[PDB]
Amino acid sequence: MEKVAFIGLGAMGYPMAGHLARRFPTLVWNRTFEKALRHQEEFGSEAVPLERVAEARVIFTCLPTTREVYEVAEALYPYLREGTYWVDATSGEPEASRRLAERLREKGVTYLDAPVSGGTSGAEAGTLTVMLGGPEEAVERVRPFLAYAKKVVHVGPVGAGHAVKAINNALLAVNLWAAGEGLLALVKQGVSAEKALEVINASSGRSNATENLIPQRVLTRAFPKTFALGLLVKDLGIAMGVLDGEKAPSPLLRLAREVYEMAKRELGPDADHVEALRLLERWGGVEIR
């Protein structure tokens, strides 16, 4: 027999747990339990009280922040069995996560930070990129269970995964915002946004941002909700913590956190992350399309 479990059935967790459920007997739990019941009916997982999650050989979590991961770890602490692996797909904090790992080790549980990239489309397709942090033996053991992933890279000990994820998202943030500033200026003087992007995406200034986010969500005015702006700002905050390690001159990334915070304050934490460009459109008095 086999048994894994998933906690946190959100935008990412719901589809991620679906891949797990189709492959292994999977127990799922969600604060708003209705979501777990729906998941059971849709994928064949089994909705259970949080405590039963401790029955699994591999526990997965995809929560907002390390804060929530801590809460559920403390709730499960007395029931955790020796030999269990904890795969945290939360975009967490390196330091607080190293502490959590030490704490879980008290029960013989091996924590591995395993944040992902690829968004909800990647979660649904099961092609998420995973950046793992932790012991080499543990990493080898968990690979087969990552049913929702394609590219899996072991980047270092506990905390390195979250650190890499944070920096990756800070780069996405910077690339996206800069492209927004440039497109705003271009559109303002009669340049076709679509044609400009075709050029840019064939040139040196191309990025995932100009290739797969702006054309699809901004020019169309679709602005689909897939990744909360509040969560990206939270990621930028974690990236700032990574920069604090050595504090080498990092003018561009530091500022990136501040402009996205402006967007969060004006648009709300629940707007989609790409909607941050709407702030530039508001100031400019013109839409990017």
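Numbers for residues come from their place in the sequence shown, where the first is 1.
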Handout entry: Residue stretch of maximal mean CA temperature factor, 157-165 vs 71-79
Key = 71-79
Exercise for the section: Select between 31-39 and 232-240 the stretch whose C-alpha atoms have the higher average B-factor in the entry. Expected result: 31-39
Practice task
Would you mind finding, among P115, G180, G118, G134, the residue with the largest C-alpha temperature factor in the entry?
Solution key: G134
Exercise for the section: For the C-alpha B-factor as written in the entry, point me to the maximum among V139, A170, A209, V87. Expected result: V139
Fill in the blank from the handout: Tertile call for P49 (CA temperature factor, within chain, third-based) is the highest
Practice task
Just say lowest, middle or highest third for the CA B-factor of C62 relative to the other modelled residues in its chain.
Solution key: lowest
Handout entry: Chain thirds of CA B-factor: placement of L128
Key = middle
Fill in the blank from the handout: Chain-relative C-alpha B factor for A185 (record values, thirds): the lowest
Practice task
For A101, return the chain-relative third of its C-alpha B-factor as stated in the PDB record: lowest, middle or highest.
Solution key: highest
